[PDB]
């Protein structure tokens, strides 16, 4: 079952999609998916919708929302910041628990790159409430990346212009300053339930070595990594995409149930 949902907090309205398995009723496990930098709820080559529909086939619900300033939700990219989506994420988890079909003891999280950073942080905020977590190409090094991409380049423009054109989006200078005082590695530490990392070897957005850091620094032996050899950032292949979703569904099927 697929139908669109709406969230409104403050003066912000969020738009998204909720999935529920048709053949089983009562209270069902749920995974909340967080999208990445400049992405949206469908995500790259529809990998989120695909993963959503694969989950309802194994009796597992899901919700996919558009972060404020991106996609179908309200706002401009300029009034968006990392901590903004952090507030958005909390409202989505709240909304999900307030569903009669939602099982409170079985809730998981999934995030892709920037969404992965948000997912690992929100997982620690609700360490008891989130039973399992999956990180696709987790961009825990987004802070250094933005800072090192703001001094080698864009630095003069951002101050002069107030923003910079990343590619049809207005990257505000507020965004650079807000993520400057955030450390994803130290902010995701403290999650103790099972963790699954999916990373591509030939990832040029978030180099594969980041997952090594996340495995050594952030989580203990409660986190495993599924390495997809030769894959790119978003697993842009029918083969790569299959492995990423299948291992994610298997992982959610075991740890969530």
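Residue numbers count along the first chain shown, from 1.
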*Out of 38-46 and 23-31, which one has CA B-factors that are higher on average in the deposited record?*
23-31
*Could you settle it for me: does 111-119 or 70-78 have the higher average Cα B factor in the PDB entry?*
70-78
*Between 172, 148, 83, 183, where does the Cα B-factor run highest in the record?*
148
*For the listed 205, 223, 214, 198, which has the peak Cα B-factor recorded in the PDB entry?*
223
*Ranked by Cα temperature factor within the chain, is residue 55 in the lowest third, the middle third or the highest third?*
highest
*Against its chain's modelled residues, does residue 125's Cα B factor rank lowest, middle or highest third?*
lowest
*Looking at the entry's B-factor column for C-alpha atoms only, identify whether residue 98 ranks in the lowest, middle or highest third of its chain.*
highest
*Among the chain's modelled residues, which third holds the C-alpha B-factor of residue 165?*
highest
*Grab the CA temperature factor for residue 159 from the record and place it in the lowest, middle or highest third of its chain.*
highest
